[PDB]
Structures are given as C-alpha cells and as structure tokens.
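Quick setup: one chain, the form deposited in one PDB entry, written in structure tokens, and binding and motion questions come after.
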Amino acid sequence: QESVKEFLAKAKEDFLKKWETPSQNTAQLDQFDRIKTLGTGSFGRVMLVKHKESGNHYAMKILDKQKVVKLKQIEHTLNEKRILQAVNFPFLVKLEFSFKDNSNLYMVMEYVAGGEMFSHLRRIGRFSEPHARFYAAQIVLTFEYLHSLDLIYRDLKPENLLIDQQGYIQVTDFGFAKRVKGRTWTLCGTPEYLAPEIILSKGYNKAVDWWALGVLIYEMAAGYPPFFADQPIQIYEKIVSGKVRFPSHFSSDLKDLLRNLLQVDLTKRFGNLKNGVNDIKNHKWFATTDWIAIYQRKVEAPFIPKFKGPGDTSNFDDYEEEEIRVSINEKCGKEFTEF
C-alpha cells in the first residue's frame, strides 16, 4: 500500500478544514416537501422529503431541541452534525444541508432507498459468508477512514447500515460519533454491540468499534447476534463472560477472525494492535477481498434492492405520522448556537 496513506493524508486535510469551520444554515424548512416518515427516534423523526427546486429526494432528520436537552444529548448532537458536515467517504451517508428553527434541529441527508440492512437480514434469515464479507469489507474501510481522523463511531449495527441502489452500504446515525484522541468514558451504543470495556465502565478507545465489527459479521453470517437475551443486563453478562459460540456452518477462517475481533483483552484484539487495520485486511477470511475494488465500488454487489421510483419507501417500515409544529418562541438558543 502507498496510495492509501496518501489518500488518508489528503482526507485528513479536507476533514480538518471543515472541522475547523463547520457549515451552518444551508437550507430552511419551507424548501422541502415533507412526505413520509422513514424512521422514528428519541429526538424526533427521520422523514423522506423532496427538495422543491432540485426535485431530489432526501432524508430529513428532525430533532426536537427540548428533547435533546432533556436527554442531555446536547454535546453528542453537536458532535454528530459537526462530524457529518466535515467527513466524506463512499460508504458514509452524506449531509447535504443542516439548519434549525425555533423548536427543532434539522439534518438533511441523501436518501438511501434500499432500507436498513436489518430489514433484509431479518427477512432473508442470514447472509452466506461471501455476502457478509462484501459488507464487512466496506465497514473495515470506513473505520480505517474514520479512526484516521480520530473519530470514534460507537453505534455500528444493521439498523444503522443502509443499502444503496448499487447494493453498497451507507453508514448512518452519527449520534454517538466523537472526535477524540485518547480515552473516553461515555456509556453509549446498542446492548448486543457493546464492547466489554464499555459495559465495565473502564474507559475505552476506538477498539470498541472493531469489537462491534465482530458482532456485526457474526450477526450477518449466523442470522442472530453472538450475545442475545430478553434483557440488556443478561446481554452484558454474556458479553463480559467472554464466551462465544459459533454456528456449525461457520468456516474455520470466519471463526478465527471473530475470536480475534471478539477478544476481551485489548492487547489481543484485532484492529487495536501494532499493525492496526492491516491485521484484519490480511486475514485469510478476507483473502478473497480486493480492498481497492471495494472502495471504488467496482465489485458486483450480491444483492440489489428492488427499485421502483425515486421517492419509493417500500424498503422501509411504516410509522405513525405526527404533527410538526414550530414554536413562536426560540427554544434552547444558547445550547445549539453552533449548530
């Protein structure tokens, strides 16, 4: 590799310039036709919208400022926008516009019609190893990119991996993303995907993302996660147990990669070692993988979602559809001044 560190060097410059001086107020609410809710959440919803002058469809994420403040997610939200407007990568969902009004924060992202990986994974049951390795490869390249910018992602899961029309992954939800050099201590993520050091409140680094990758690869190939139960606590117990069992149909390579990733000891976890990401890229499981054709998206995807129109939502579950009011008074002005 030579044009890799060259790539990441130029990418750090592009990122840091946007990081230093983030864009703001690049649209407003009346420029969009609100059509349908693609996904719900704690802070508000994620609607499918059409840009009035462009005709393009986007996914507008709406955040109730008061709910953000109430859940003490102010800083996390400021992280998410600032990181999103600054990063740029083939497998990352792209932030077109950001703005705010008296009541809400808005993040307008390119629309990914293929739906969550979650939905296709659950319906199909499980992916064969070649299918799971096409996806895993995209995540490997994405974490390499992000970590080089000192960004930690902290919420990898099939629910946050969208599939585009060419069958590739777009990573979404940067709510827990954070630029950090060194350790951090926030308990956040999704139970089945929490690294042991997160649960044990030890303080952790970007190695929790590689653990999450192991969990992802396992779920994609097994059809279920390596640690599941009915209550998160019992999930944490299995995670900190350090004991994992693989399905009989798992290849010997796949098993070896996963024990390396689901390694409880940070001194023996893949991605957290001297050779960093290349320990993973040069694993036998990935011996078939052309990292360059993956990035360039020249491979052929093993699955391409049924397309049937620009504003189609057939790959998304239906949600109840709430009012959208804007208070006549400004809410939480000081807190979100930099958004």
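By rigid core we mean the largest C-alpha set that fits within 1.5 Å across both forms. In this text, residue numbers run from 1 along the sequence as written.
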Hey, does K308 show up as a hole in at least a third of the other compared models?
yes
At least a third of the other compared entries: do they leave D14 without coordinates?
no
Taking the deposited Cα B-factors and averaging over 25 to 33 and over 302 to 310, the higher mean is found in 302 to 310
Which is higher on average in the deposited entry, the C-alpha temperature factors of 8 to 16 or of 321 to 329?
321 to 329
Based on what the PDB entry reports, which of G175, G242, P225, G214 has the top C-alpha B-factor?
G242
According to the PDB entry, is the CA B factor of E2 in the bottom, middle or top third of its chain, that is, lowest, middle or highest?
highest
Looking at the C-alpha B-factor of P247, is it in the lowest, middle or highest third of its chain?
middle
Rank-wise, by C-alpha B-factor, drop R154 into the lowest, middle or highest third of its chain.
lowest
What third of its chain's C-alpha B-factors does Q234 belong to: lowest, middle or highest?
highest
Thinking about Cα B factors across the chain, which third does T190 belong to?
lowest
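Only in words, not in the display: the form deposited in another entry, which the text now covers.
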Of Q138, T77, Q170, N205, which one's CA moves 2 Å or more between the shown form and the other one, core aligned?
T77
Indicate whether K50 shows a C-alpha shift of 2 Å or more between the shown form and the other one, with the rigid core used for the fit.
yes
So with the core overlaid, does the Cα of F250 end up 2 Å or more away between the shown form and the other one?
no
So that I can tell if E129 moves, could you say whether its C-alpha shifts by at least 2 Å between the shown form and the other one after the core superposition?
no
